[PDB]
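Participant: File entry.cif below, mmCIF, C-alpha atoms:
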```
data_model
#
loop_
_atom_site.label_atom_id
_atom_site.label_comp_id
_atom_site.auth_asym_id
_atom_site.auth_seq_id
_atom_site.Cartn_x
_atom_site.Cartn_y
_atom_site.Cartn_z
CA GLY A 22 0.00 0.00 0.00
CA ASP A 23 2.14 2.87 -1.33
CA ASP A 24 -0.36 5.76 -1.14
CA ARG A 25 0.08 6.27 2.62
CA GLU A 26 3.77 7.24 2.34
CA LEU A 27 3.13 10.00 -0.22
CA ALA A 28 0.51 11.37 2.13
CA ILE A 29 3.06 11.75 4.89
CA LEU A 30 5.80 13.10 2.63
CA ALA A 31 3.44 15.53 0.90
CA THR A 32 1.95 16.62 4.24
CA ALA A 33 5.30 17.67 5.62
CA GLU A 34 6.43 19.77 2.68
CA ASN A 35 3.14 21.63 2.95
CA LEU A 36 3.58 22.46 6.61
CA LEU A 37 7.23 23.35 6.15
CA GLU A 38 6.19 26.51 4.32
CA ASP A 39 4.96 27.79 7.72
CA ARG A 40 7.54 26.60 10.28
CA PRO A 41 10.69 24.46 10.58
CA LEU A 42 10.88 20.80 11.51
CA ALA A 43 10.92 21.59 15.22
CA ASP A 44 7.53 23.34 15.33
CA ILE A 45 6.14 20.15 13.75
CA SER A 46 5.47 16.94 15.68
CA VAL A 47 4.97 13.33 14.53
CA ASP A 48 1.25 13.81 15.11
CA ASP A 49 0.61 16.92 13.04
CA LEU A 50 1.59 14.58 10.19
CA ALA A 51 -0.70 11.73 11.30
CA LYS A 52 -3.78 13.75 10.40
CA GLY A 53 -2.54 15.02 7.04
CA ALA A 54 -2.12 11.45 5.86
CA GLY A 55 -5.06 9.83 7.59
CA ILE A 56 -3.50 7.35 10.01
CA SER A 57 -3.29 6.94 13.77
CA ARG A 58 -0.33 8.52 15.53
CA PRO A 59 1.29 5.03 15.79
CA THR A 60 0.64 3.90 12.21
CA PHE A 61 3.21 6.48 11.20
CA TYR A 62 6.18 4.60 12.63
CA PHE A 63 5.78 1.88 10.03
CA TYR A 64 6.96 4.11 7.21
CA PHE A 65 9.24 6.45 9.08
CA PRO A 66 11.30 6.16 12.23
CA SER A 67 10.96 9.90 12.83
CA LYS A 68 10.23 13.25 11.28
CA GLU A 69 13.94 13.56 10.72
CA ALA A 70 13.85 10.60 8.33
CA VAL A 71 10.97 12.19 6.44
CA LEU A 72 12.82 15.35 5.49
CA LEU A 73 15.63 13.15 4.26
CA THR A 74 13.27 11.39 1.93
CA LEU A 75 11.77 14.69 0.86
CA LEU A 76 15.19 16.08 0.19
CA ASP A 77 16.37 13.00 -1.72
CA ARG A 78 13.20 13.13 -3.80
CA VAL A 79 13.80 16.77 -4.70
CA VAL A 80 17.44 16.16 -5.45
CA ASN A 81 16.68 13.21 -7.70
CA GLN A 82 14.05 15.18 -9.56
CA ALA A 83 16.92 17.45 -10.58
CA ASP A 84 19.22 14.69 -11.70
CA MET A 85 16.36 12.91 -13.55
CA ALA A 86 15.47 16.31 -14.96
CA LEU A 87 18.92 17.32 -16.22
CA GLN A 88 19.43 13.71 -17.25
CA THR A 89 16.56 14.07 -19.73
CA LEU A 90 18.56 16.88 -21.33
CA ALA A 91 21.60 14.63 -21.72
CA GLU A 92 19.31 12.76 -24.11
CA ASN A 93 17.24 14.68 -26.69
CA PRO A 94 19.10 17.82 -27.85
CA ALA A 95 17.45 21.29 -28.11
CA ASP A 96 17.72 23.19 -31.43
CA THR A 97 19.12 26.43 -29.95
CA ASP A 98 22.53 28.14 -29.60
CA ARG A 99 25.10 27.77 -26.82
CA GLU A 100 23.69 30.36 -24.38
CA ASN A 101 20.63 28.15 -23.93
CA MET A 102 22.41 24.83 -23.78
CA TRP A 103 23.75 26.26 -20.50
CA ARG A 104 20.85 28.43 -19.34
CA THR A 105 18.36 25.57 -19.74
CA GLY A 106 20.50 23.42 -17.42
CA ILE A 107 20.82 25.89 -14.59
CA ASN A 108 17.10 26.55 -14.94
CA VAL A 109 16.48 22.94 -13.94
CA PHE A 110 17.87 23.79 -10.58
CA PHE A 111 16.24 27.19 -10.47
CA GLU A 112 12.88 25.88 -11.62
CA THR A 113 13.11 22.69 -9.54
CA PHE A 114 14.39 23.70 -6.10
CA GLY A 115 12.76 27.01 -6.75
CA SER A 116 9.54 25.07 -6.43
CA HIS A 117 10.31 23.38 -3.11
CA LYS A 118 11.86 26.31 -1.31
CA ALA A 119 10.59 24.91 1.98
CA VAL A 120 12.38 21.63 1.51
CA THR A 121 15.48 23.40 0.29
CA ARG A 122 15.58 25.74 3.28
CA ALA A 123 14.81 22.71 5.40
CA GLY A 124 17.44 20.42 3.92
CA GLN A 125 20.02 23.17 4.17
CA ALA A 126 19.64 24.37 7.75
CA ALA A 127 19.76 20.70 8.64
CA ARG A 128 22.88 19.76 6.79
CA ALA A 129 24.79 20.72 9.92
CA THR A 130 23.03 17.94 11.77
CA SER A 131 22.60 14.99 9.43
CA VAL A 132 25.52 13.24 7.81
CA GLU A 133 22.88 11.51 5.67
CA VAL A 134 21.85 14.84 4.21
CA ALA A 135 25.33 16.28 4.01
CA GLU A 136 26.37 13.20 2.02
CA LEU A 137 23.21 12.98 -0.10
CA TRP A 138 24.12 16.50 -1.11
CA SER A 139 27.88 16.23 -1.13
CA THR A 140 27.28 13.35 -3.55
CA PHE A 141 25.13 14.75 -6.36
CA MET A 142 26.98 18.05 -6.21
CA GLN A 143 29.77 15.91 -7.64
CA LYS A 144 27.74 14.23 -10.37
CA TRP A 145 26.44 17.62 -11.43
CA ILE A 146 29.83 19.14 -11.01
CA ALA A 147 31.18 16.36 -13.24
CA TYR A 148 28.45 16.45 -15.85
CA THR A 149 29.31 20.14 -16.23
CA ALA A 150 33.07 19.83 -16.47
CA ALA A 151 32.32 17.13 -19.03
CA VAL A 152 30.47 19.55 -21.31
CA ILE A 153 33.17 22.19 -20.67
CA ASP A 154 35.55 19.81 -22.44
CA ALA A 155 33.04 18.51 -24.96
CA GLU A 156 33.03 22.17 -25.90
CA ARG A 157 36.81 22.42 -26.15
CA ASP A 158 37.64 19.37 -28.22
CA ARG A 159 35.13 20.70 -30.78
CA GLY A 160 37.20 23.90 -30.63
CA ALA A 161 34.36 26.08 -29.29
CA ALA A 162 35.84 26.99 -25.88
CA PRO A 163 39.41 28.17 -25.20
CA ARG A 164 41.65 25.91 -23.11
CA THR A 165 41.93 28.29 -20.13
CA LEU A 166 41.23 26.68 -16.77
CA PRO A 167 40.97 23.01 -15.82
CA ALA A 168 37.35 22.19 -16.51
CA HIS A 169 36.73 20.54 -13.13
CA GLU A 170 38.04 23.47 -11.12
CA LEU A 171 36.26 25.99 -13.33
CA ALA A 172 33.15 23.88 -13.22
CA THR A 173 33.34 23.71 -9.44
CA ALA A 174 33.52 27.48 -8.89
CA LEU A 175 30.51 27.92 -11.13
CA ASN A 176 28.57 25.05 -9.64
CA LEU A 177 29.28 26.14 -6.06
CA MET A 178 28.33 29.73 -6.91
CA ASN A 179 24.93 28.45 -7.99
CA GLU A 180 24.30 26.64 -4.69
CA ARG A 181 25.00 29.66 -2.51
CA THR A 182 23.45 32.16 -4.92
CA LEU A 183 20.32 30.24 -5.83
CA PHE A 184 19.88 29.69 -2.12
CA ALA A 185 20.11 33.18 -0.68
CA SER A 186 17.52 33.88 -3.34
CA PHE A 187 15.07 31.32 -2.03
CA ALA A 188 15.87 32.04 1.62
CA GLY A 189 15.28 35.73 1.04
CA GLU A 190 18.62 36.51 2.64
CA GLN A 191 20.46 39.79 2.29
CA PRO A 192 22.97 39.88 0.51
CA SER A 193 21.05 38.19 -2.30
CA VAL A 194 19.88 38.58 -5.90
CA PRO A 195 16.12 39.13 -6.37
CA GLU A 196 14.67 35.79 -7.47
CA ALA A 197 13.48 37.14 -10.82
CA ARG A 198 17.07 37.94 -11.83
CA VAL A 199 19.30 35.35 -10.15
CA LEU A 200 18.96 33.33 -13.37
CA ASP A 201 20.17 35.76 -16.09
CA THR A 202 22.63 36.80 -13.40
CA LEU A 203 23.96 33.27 -13.23
CA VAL A 204 23.80 32.24 -16.88
CA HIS A 205 25.80 35.25 -17.85
CA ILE A 206 28.49 34.43 -15.31
CA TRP A 207 28.59 30.84 -16.49
CA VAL A 208 28.86 31.57 -20.22
CA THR A 209 31.17 34.58 -20.07
CA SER A 210 33.55 32.39 -18.12
CA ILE A 211 33.00 29.03 -19.76
CA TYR A 212 33.86 30.75 -23.04
CA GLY A 213 35.50 34.10 -22.33
CA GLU A 214 39.23 34.36 -23.06
CA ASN A 215 41.79 36.52 -21.21
CA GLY B 22 43.47 45.55 28.99
CA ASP B 23 44.62 44.45 25.51
CA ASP B 24 47.78 42.62 26.71
CA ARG B 25 45.45 40.27 28.54
CA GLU B 26 42.58 40.62 26.06
CA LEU B 27 45.05 39.65 23.36
CA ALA B 28 46.51 36.69 25.23
CA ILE B 29 43.06 35.08 25.48
CA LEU B 30 42.29 35.62 21.80
CA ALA B 31 45.55 34.31 20.45
CA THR B 32 45.33 31.55 23.05
CA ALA B 33 41.91 30.75 21.68
CA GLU B 34 42.76 30.89 17.99
CA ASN B 35 45.66 28.49 18.50
CA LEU B 36 43.33 26.11 20.29
CA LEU B 37 40.67 26.13 17.56
CA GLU B 38 43.46 24.67 15.48
CA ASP B 39 43.21 21.31 17.24
CA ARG B 40 39.54 21.27 18.18
CA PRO B 41 36.18 23.12 18.00
CA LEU B 42 34.90 25.71 20.49
CA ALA B 43 32.52 23.06 21.79
CA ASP B 44 35.52 21.17 23.15
CA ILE B 45 37.51 24.10 24.56
CA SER B 46 37.03 25.00 28.22
CA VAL B 47 37.07 28.39 29.92
CA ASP B 48 39.92 26.70 31.72
CA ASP B 49 41.97 25.70 28.68
CA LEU B 50 41.76 29.37 27.66
CA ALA B 51 42.69 30.87 31.00
CA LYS B 52 45.69 28.58 31.16
CA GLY B 53 47.32 28.68 27.72
CA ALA B 54 46.68 32.43 27.68
CA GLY B 55 48.50 32.86 30.98
CA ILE B 56 45.79 34.50 33.06
CA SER B 57 43.34 33.49 35.80
CA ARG B 58 39.80 32.20 35.38
CA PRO B 59 38.31 35.23 37.09
CA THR B 60 40.61 37.57 35.16
CA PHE B 61 39.22 36.07 31.95
CA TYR B 62 35.60 36.79 32.83
CA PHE B 63 36.48 40.40 33.46
CA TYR B 64 37.26 40.55 29.76
CA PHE B 65 34.92 37.92 28.43
CA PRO B 66 31.57 36.52 29.58
CA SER B 67 31.71 33.32 27.56
CA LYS B 68 33.89 31.56 24.99
CA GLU B 69 31.46 32.17 22.11
CA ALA B 70 32.23 35.74 23.07
CA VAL B 71 35.91 35.27 22.45
CA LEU B 72 34.99 33.68 19.15
CA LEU B 73 32.79 36.57 18.13
CA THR B 74 35.78 38.85 18.68
CA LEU B 75 38.37 36.73 16.96
CA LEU B 76 35.99 36.68 14.04
CA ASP B 77 35.32 40.43 14.25
CA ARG B 78 39.10 40.90 14.29
CA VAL B 79 39.66 38.79 11.17
CA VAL B 80 36.84 40.30 9.16
CA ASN B 81 37.87 43.86 9.97
CA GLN B 82 41.50 42.99 9.15
CA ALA B 83 40.52 42.11 5.59
CA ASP B 84 38.35 45.24 5.21
CA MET B 85 41.12 47.66 6.12
CA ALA B 86 43.46 45.69 3.87
CA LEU B 87 41.05 46.04 1.00
CA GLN B 88 40.26 49.56 2.07
CA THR B 89 44.03 50.06 1.67
CA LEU B 90 43.95 49.80 -2.13
CA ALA B 91 41.83 52.89 -2.71
CA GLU B 92 44.67 55.19 -1.58
CA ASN B 93 47.44 53.06 -3.17
CA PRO B 94 46.04 52.72 -6.76
CA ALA B 95 49.27 52.26 -8.81
CA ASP B 96 49.78 51.30 -12.49
CA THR B 97 48.57 47.95 -13.82
CA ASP B 98 46.50 45.88 -16.29
CA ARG B 99 42.76 45.39 -15.71
CA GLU B 100 43.04 41.73 -14.64
CA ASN B 101 45.74 41.99 -11.94
CA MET B 102 43.87 44.83 -10.27
CA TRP B 103 41.31 42.19 -9.29
CA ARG B 104 43.63 39.37 -8.25
CA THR B 105 45.18 41.62 -5.59
CA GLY B 106 41.71 42.45 -4.29
CA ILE B 107 40.30 38.96 -4.27
CA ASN B 108 43.68 38.03 -2.85
CA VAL B 109 43.00 40.08 0.27
CA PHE B 110 40.38 37.55 1.33
CA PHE B 111 41.96 34.29 0.27
CA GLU B 112 45.12 35.56 1.97
CA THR B 113 43.48 36.87 5.12
CA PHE B 114 40.92 34.15 5.82
CA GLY B 115 43.33 31.63 4.32
CA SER B 116 45.72 32.44 7.14
CA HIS B 117 43.07 32.07 9.79
CA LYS B 118 41.30 28.96 8.45
CA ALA B 119 40.56 27.74 11.98
CA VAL B 120 38.62 30.82 12.99
CA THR B 121 36.91 30.85 9.65
CA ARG B 122 35.78 27.25 10.13
CA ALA B 123 34.59 28.16 13.62
CA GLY B 124 32.83 31.43 12.89
CA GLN B 125 31.08 29.44 10.20
CA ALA B 126 29.53 26.72 12.37
CA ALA B 127 28.36 29.69 14.41
CA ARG B 128 26.43 31.75 11.91
CA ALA B 129 23.70 29.18 12.52
CA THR B 130 23.34 29.97 16.21
CA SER B 131 24.87 33.40 16.74
CA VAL B 132 22.86 36.36 15.57
CA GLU B 133 25.75 38.63 16.55
CA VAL B 134 27.82 36.50 14.16
CA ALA B 135 25.04 36.33 11.58
CA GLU B 136 24.64 40.09 11.42
CA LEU B 137 28.40 40.47 11.47
CA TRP B 138 29.17 38.55 8.33
CA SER B 139 26.06 39.79 6.63
CA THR B 140 26.82 43.38 7.50
CA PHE B 141 30.24 43.10 5.91
CA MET B 142 29.47 41.01 2.91
CA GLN B 143 27.22 43.88 1.90
CA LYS B 144 30.02 46.43 2.26
CA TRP B 145 32.23 44.16 0.16
CA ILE B 146 29.56 43.49 -2.46
CA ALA B 147 28.92 47.20 -2.58
CA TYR B 148 32.59 48.02 -3.03
CA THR B 149 32.63 45.59 -5.92
CA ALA B 150 29.64 47.33 -7.50
CA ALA B 151 31.27 50.72 -7.07
CA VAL B 152 34.17 49.47 -9.16
CA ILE B 153 32.40 47.44 -11.80
CA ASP B 154 30.45 50.68 -12.22
CA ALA B 155 33.16 53.31 -12.70
CA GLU B 156 34.92 50.62 -14.70
CA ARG B 157 32.08 51.11 -17.17
CA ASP B 158 32.15 54.91 -17.02
CA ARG B 159 35.82 54.86 -18.12
CA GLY B 160 34.99 52.55 -21.03
CA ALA B 161 36.77 49.35 -20.02
CA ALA B 162 33.77 47.32 -18.85
CA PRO B 163 30.80 46.44 -21.08
CA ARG B 164 27.41 47.59 -19.75
CA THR B 165 25.59 44.27 -19.17
CA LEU B 166 24.25 43.04 -15.84
CA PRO B 167 23.31 45.50 -13.06
CA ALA B 168 26.60 45.94 -11.20
CA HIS B 169 25.37 45.22 -7.66
CA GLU B 170 23.69 42.07 -8.91
CA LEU B 171 26.79 40.90 -10.75
CA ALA B 172 28.97 41.98 -7.88
CA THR B 173 26.70 39.93 -5.58
CA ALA B 174 26.81 36.66 -7.49
CA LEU B 175 30.61 36.88 -7.72
CA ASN B 176 30.91 37.73 -4.04
CA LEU B 177 28.48 34.97 -3.23
CA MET B 178 30.76 32.65 -5.14
CA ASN B 179 33.96 33.65 -3.34
CA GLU B 180 32.27 33.09 0.01
CA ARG B 181 31.01 29.58 -0.48
CA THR B 182 34.10 28.56 -2.46
CA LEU B 183 37.11 29.87 -0.62
CA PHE B 184 35.56 28.34 2.45
CA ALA B 185 34.75 25.07 0.72
CA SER B 186 38.47 25.06 -0.07
CA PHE B 187 39.96 26.11 3.28
CA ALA B 188 37.72 23.74 5.18
CA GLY B 189 38.87 21.25 2.56
CA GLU B 190 35.43 19.96 1.66
CA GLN B 191 34.23 17.50 -0.96
CA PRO B 192 33.83 18.88 -3.52
CA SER B 193 35.99 21.97 -3.54
CA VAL B 194 38.81 23.68 -5.46
CA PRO B 195 42.22 22.88 -3.96
CA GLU B 196 43.35 25.76 -1.78
CA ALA B 197 46.31 25.90 -4.19
CA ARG B 198 44.27 26.99 -7.23
CA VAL B 199 41.14 28.83 -6.14
CA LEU B 200 42.90 32.22 -6.42
CA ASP B 201 43.76 31.59 -10.10
CA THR B 202 40.19 30.30 -10.55
CA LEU B 203 38.02 32.86 -8.81
CA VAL B 204 40.10 35.63 -10.35
CA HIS B 205 39.31 34.26 -13.80
CA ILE B 206 35.54 34.09 -13.44
CA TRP B 207 35.31 37.56 -11.89
CA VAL B 208 37.13 39.18 -14.83
CA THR B 209 35.71 37.20 -17.72
CA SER B 210 32.18 38.09 -16.58
CA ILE B 211 32.89 41.65 -15.50
CA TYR B 212 34.50 42.66 -18.78
CA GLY B 213 33.01 39.79 -20.78
CA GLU B 214 30.46 40.53 -23.53
CA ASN B 215 28.12 37.49 -23.85
#
```
Please re-express this file's structure in structure tokens.

Facilitator:
Amino acid sequence: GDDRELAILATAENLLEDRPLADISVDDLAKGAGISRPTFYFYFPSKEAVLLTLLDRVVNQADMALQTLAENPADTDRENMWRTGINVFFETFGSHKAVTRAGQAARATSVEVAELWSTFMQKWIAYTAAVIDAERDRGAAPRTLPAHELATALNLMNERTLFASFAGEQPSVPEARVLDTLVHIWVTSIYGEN
Amino acid sequence: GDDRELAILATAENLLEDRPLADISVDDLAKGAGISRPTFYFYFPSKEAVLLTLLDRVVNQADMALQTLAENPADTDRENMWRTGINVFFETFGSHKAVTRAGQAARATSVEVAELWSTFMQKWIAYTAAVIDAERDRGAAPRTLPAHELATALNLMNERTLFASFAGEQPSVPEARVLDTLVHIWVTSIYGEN
């Protein structure tokens, strides 16, 4: 009986838009799904383990998303081949701000999360560097910096930047700009010369 | 004061080298520093307090340093002018990696610390904007992205990255490159066209 789990997962993410994981208790979730306080414990050991699943879900959506682009190509220049990738992350995480803010300010307390993140950040960081080269052996991008390093600076910038945008921090870049703001910085560097 | 307010500090900083604040005692600080428990408290109320100062001392160091380039302009090529500026941080914080690591795992629970970094980061992001602006008035820089917003992204990148390097995370850019890297991206996007 799958259903039940989604109920719990979904319920959390839609309570997280109002308060953190602390202000929420294993019961407030029992209702949302439609099970007795105890039933819960058969799908999740604790609320902690729920956020982790949320997070992982959200993170995989991104990989599965960007993955789809590693398949069918898009008939459009080089500025979009990049933009459209970053937008996955903007668009995606930008949709589950709550879970992002939640996963983040919880990285400092869950190796599971820290890893889950510290992992993909490497697949994504790799995928990128890959293209950086696949755009150098075709002679389109100058051989300036070592792809991986270059790719890392960019990639990490995203994380911090796209975050302070969703967390409403200050310093930050108004959400409706953070994109163009990023894409430009990617391209100008991925390709720029001197 | 100072003599004894300095002992503590230094005596703290050198202790953060081997372990985290959470493992350092008021005792371990009174000793190594050379003073008495009570004498400490006359200067500091808690250890987090000593941390907040060490941090305030580092941060401010870098600001004056940077501040000290406005009066000593000199002759040079567009690029280098940035490396020496971005260098001020990688050099400063990268010579106090322990504090940095500490003041970091503190922004999550210290509003004094939160406001501290945030209050500066703005002054640094601003300073960037000021330049990237007048850099356009003189004709060198192309008028693309809204300075402050470009300045921000870049600054947001140097935060999350230099740290990710000092704290030797996974993934990160080896402490031994980052300067060459960050410097690149800043320029190529500041003066870059599209």

Participant: Both chains have the same sequence, so superpose chain A on chain B over all Cα atoms paired in order and return it as a compact mmCIF listing (two decimals) with C-alpha atoms, keeping the file's coordinate frame.

Facilitator:
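As written to disk, out_33.txt reads:
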```
# COMPACT_ATOMS: atom_id res chain seq x y z
CA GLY A 22 46.04 46.72 30.88
CA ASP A 23 45.39 45.64 27.28
CA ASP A 24 47.92 42.79 26.93
CA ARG A 25 45.76 40.26 28.80
CA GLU A 26 42.94 40.34 26.21
CA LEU A 27 45.25 39.56 23.27
CA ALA A 28 46.53 36.61 25.26
CA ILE A 29 43.05 35.16 25.52
CA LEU A 30 42.10 35.93 21.92
CA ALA A 31 45.39 34.60 20.56
CA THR A 32 45.17 31.50 22.78
CA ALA A 33 41.83 30.48 21.37
CA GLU A 34 42.71 30.77 17.70
CA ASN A 35 45.69 28.54 18.40
CA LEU A 36 43.63 25.81 20.02
CA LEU A 37 40.92 26.06 17.38
CA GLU A 38 43.27 24.45 14.87
CA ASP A 39 42.84 21.22 16.88
CA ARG A 40 39.16 21.13 17.93
CA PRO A 41 35.97 23.21 17.82
CA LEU A 42 34.70 25.58 20.48
CA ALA A 43 32.95 22.78 22.35
CA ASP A 44 36.07 20.72 23.07
CA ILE A 45 37.48 23.90 24.64
CA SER A 46 36.52 25.17 28.10
CA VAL A 47 36.89 28.59 29.75
CA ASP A 48 39.83 27.19 31.69
CA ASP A 49 41.96 25.84 28.85
CA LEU A 50 42.14 29.54 27.94
CA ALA A 51 43.03 30.71 31.47
CA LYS A 52 46.45 29.08 31.23
CA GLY A 53 47.30 30.28 27.73
CA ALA A 54 46.91 33.87 28.89
CA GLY A 55 48.25 33.58 32.40
CA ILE A 56 45.28 34.40 34.63
CA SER A 57 43.15 32.54 37.16
CA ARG A 58 40.04 30.81 35.87
CA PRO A 59 37.92 33.70 37.29
CA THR A 60 40.07 36.58 36.01
CA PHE A 61 38.84 35.62 32.57
CA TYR A 62 35.28 36.81 33.11
CA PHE A 63 36.44 40.40 33.27
CA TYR A 64 37.25 40.53 29.57
CA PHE A 65 34.79 38.00 28.24
CA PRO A 66 31.41 36.76 29.39
CA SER A 67 32.06 33.40 27.72
CA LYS A 68 34.04 31.54 25.12
CA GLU A 69 31.23 32.31 22.74
CA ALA A 70 31.98 36.03 23.02
CA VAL A 71 35.65 35.36 22.31
CA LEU A 72 35.11 33.77 18.92
CA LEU A 73 32.96 36.75 18.04
CA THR A 74 35.82 39.07 18.77
CA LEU A 75 38.20 36.82 16.89
CA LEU A 76 35.88 36.76 13.94
CA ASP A 77 35.30 40.52 13.96
CA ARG A 78 39.05 41.06 14.14
CA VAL A 79 39.63 38.83 11.12
CA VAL A 80 36.81 40.43 9.20
CA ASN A 81 38.06 43.93 9.89
CA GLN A 82 41.57 42.99 8.85
CA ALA A 83 40.05 42.34 5.43
CA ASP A 84 38.17 45.59 5.21
CA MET A 85 41.21 47.55 6.51
CA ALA A 86 43.27 45.54 4.05
CA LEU A 87 41.15 46.13 0.94
CA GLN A 88 40.60 49.67 2.16
CA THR A 89 44.34 50.32 1.80
CA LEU A 90 43.94 49.42 -1.87
CA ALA A 91 41.16 51.98 -2.30
CA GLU A 92 43.97 54.43 -1.57
CA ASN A 93 47.35 54.06 -3.31
CA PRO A 94 46.91 52.61 -6.83
CA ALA A 95 49.04 49.73 -8.23
CA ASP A 96 50.81 50.24 -11.60
CA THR A 97 49.45 47.08 -13.27
CA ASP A 98 46.68 46.15 -15.75
CA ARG A 99 43.05 45.28 -15.05
CA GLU A 100 43.48 41.55 -14.33
CA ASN A 101 45.46 42.46 -11.21
CA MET A 102 43.29 45.31 -10.04
CA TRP A 103 40.77 42.50 -9.47
CA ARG A 104 43.02 39.58 -8.58
CA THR A 105 44.83 41.60 -5.90
CA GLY A 106 41.48 42.32 -4.22
CA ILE A 107 40.23 38.77 -4.04
CA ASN A 108 43.67 37.77 -2.81
CA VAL A 109 43.06 39.91 0.27
CA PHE A 110 40.35 37.52 1.21
CA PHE A 111 42.28 34.48 0.08
CA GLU A 112 45.47 35.57 1.80
CA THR A 113 43.67 36.90 4.89
CA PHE A 114 41.04 34.31 5.84
CA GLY A 115 43.33 31.79 4.28
CA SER A 116 45.56 32.53 7.23
CA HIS A 117 42.95 32.05 9.96
CA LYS A 118 41.25 28.97 8.59
CA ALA A 119 40.43 27.90 12.14
CA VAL A 120 38.58 31.09 12.89
CA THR A 121 36.87 30.99 9.53
CA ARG A 122 35.70 27.41 10.00
CA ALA A 123 34.76 28.40 13.52
CA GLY A 124 32.87 31.56 12.62
CA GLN A 125 31.04 29.73 9.87
CA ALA A 126 29.78 26.60 11.63
CA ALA A 127 28.59 28.99 14.30
CA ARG A 128 26.70 31.40 12.13
CA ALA A 129 23.69 29.15 12.60
CA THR A 130 23.77 29.92 16.30
CA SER A 131 24.78 33.54 16.77
CA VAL A 132 22.81 36.41 15.32
CA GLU A 133 25.82 38.55 16.30
CA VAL A 134 28.01 36.60 13.92
CA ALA A 135 25.41 36.22 11.21
CA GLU A 136 24.98 40.01 11.25
CA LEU A 137 28.68 40.85 11.60
CA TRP A 138 29.04 38.84 8.43
CA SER A 139 25.81 39.76 6.71
CA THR A 140 27.03 43.34 7.17
CA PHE A 141 30.50 43.49 5.63
CA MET A 142 29.44 41.15 2.85
CA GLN A 143 27.41 44.19 1.82
CA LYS A 144 30.20 46.75 2.09
CA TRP A 145 32.43 44.46 0.06
CA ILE A 146 29.61 43.64 -2.26
CA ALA A 147 29.10 47.39 -2.70
CA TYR A 148 32.73 48.35 -3.05
CA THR A 149 32.84 45.83 -5.90
CA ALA A 150 29.72 46.91 -7.74
CA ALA A 151 31.16 50.41 -7.40
CA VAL A 152 34.30 49.50 -9.36
CA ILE A 153 32.15 47.55 -11.85
CA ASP A 154 30.60 50.90 -12.75
CA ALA A 155 33.76 52.94 -12.34
CA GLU A 156 34.88 50.61 -15.09
CA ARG A 157 31.85 51.26 -17.28
CA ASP A 158 31.64 55.03 -17.20
CA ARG A 159 35.29 55.03 -18.37
CA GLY A 160 34.02 52.81 -21.19
CA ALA A 161 36.14 49.78 -20.22
CA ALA A 162 33.34 47.33 -19.33
CA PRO A 163 30.18 46.66 -21.37
CA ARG A 164 26.83 47.62 -19.82
CA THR A 165 25.52 44.04 -19.47
CA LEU A 166 24.15 43.20 -16.04
CA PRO A 167 23.25 45.49 -13.14
CA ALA A 168 26.52 45.87 -11.29
CA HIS A 169 25.07 45.06 -7.86
CA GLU A 170 23.47 41.82 -8.97
CA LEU A 171 26.52 40.81 -10.98
CA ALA A 172 28.73 41.83 -8.11
CA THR A 173 26.65 39.77 -5.71
CA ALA A 174 26.89 36.51 -7.68
CA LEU A 175 30.64 36.93 -7.86
CA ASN A 176 31.03 37.95 -4.26
CA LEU A 177 28.83 35.12 -2.98
CA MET A 178 30.69 32.62 -5.17
CA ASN A 179 33.89 33.63 -3.41
CA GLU A 180 32.45 33.00 0.07
CA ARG A 181 31.30 29.47 -0.68
CA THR A 182 34.26 28.63 -2.92
CA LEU A 183 37.03 30.10 -0.80
CA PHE A 184 35.45 28.27 2.09
CA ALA A 185 35.14 24.72 0.83
CA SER A 186 38.79 25.25 0.02
CA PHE A 187 39.77 26.05 3.58
CA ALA A 188 37.39 23.48 5.07
CA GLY A 189 38.83 20.81 2.82
CA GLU A 190 35.33 19.87 1.71
CA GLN A 191 34.52 17.83 -1.37
CA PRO A 192 33.30 19.27 -3.80
CA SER A 193 36.04 21.90 -3.63
CA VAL A 194 38.90 23.50 -5.56
CA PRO A 195 42.42 22.65 -4.32
CA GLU A 196 43.61 25.66 -2.32
CA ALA A 197 46.54 26.35 -4.65
CA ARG A 198 44.14 26.97 -7.55
CA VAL A 199 40.95 28.43 -6.06
CA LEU A 200 42.50 31.86 -6.74
CA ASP A 201 43.26 31.77 -10.51
CA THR A 202 40.01 29.82 -10.64
CA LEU A 203 38.18 32.75 -9.10
CA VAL A 204 39.96 35.67 -10.73
CA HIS A 205 39.28 34.25 -14.12
CA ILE A 206 35.58 33.89 -13.36
CA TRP A 207 35.46 37.43 -12.04
CA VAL A 208 37.22 39.10 -14.97
CA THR A 209 35.72 37.07 -17.81
CA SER A 210 32.34 38.09 -16.46
CA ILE A 211 33.04 41.60 -15.24
CA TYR A 212 34.25 42.33 -18.76
CA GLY A 213 33.09 39.58 -21.11
CA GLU A 214 30.34 40.49 -23.58
CA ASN A 215 27.63 38.18 -24.96
```

Participant: Check what the PyMOL selection byres ((chain A and resi 142-152) around 9) selects in the file above and give those residues as number ranges by chain.

Facilitator: A: 84, 87, 137-141, 153-157, 167-173, 175-177; B: 191-192

Participant: Given the file above and the PyMOL selection byres ((chain A and resi 95-101) around 9), which residues are selected, and can you give them as JSON, numbers by chain?

Facilitator: {"A": [90, 93, 94, 102, 103, 104, 105, 106, 204, 205, 208], "B": [215]}

Participant: Nearest to chain A: which of B:188, B:178, B:129, B:199 is it, counting all atoms listed in the file?

Facilitator: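 For chain A, the nearest of the given residues is B:178.
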
Participant: Neighbouring residues of segment 64-69 of chain A were defined as those with any atom within 10 Å, considering all atoms listed in the file; residues of the same chain fewer than 6 positions away were excluded. Please report them as an MDAnalysis selection string.

Facilitator: chainID A and resid 23 25:26 29:30 33 42:43 45:48 50 127 131
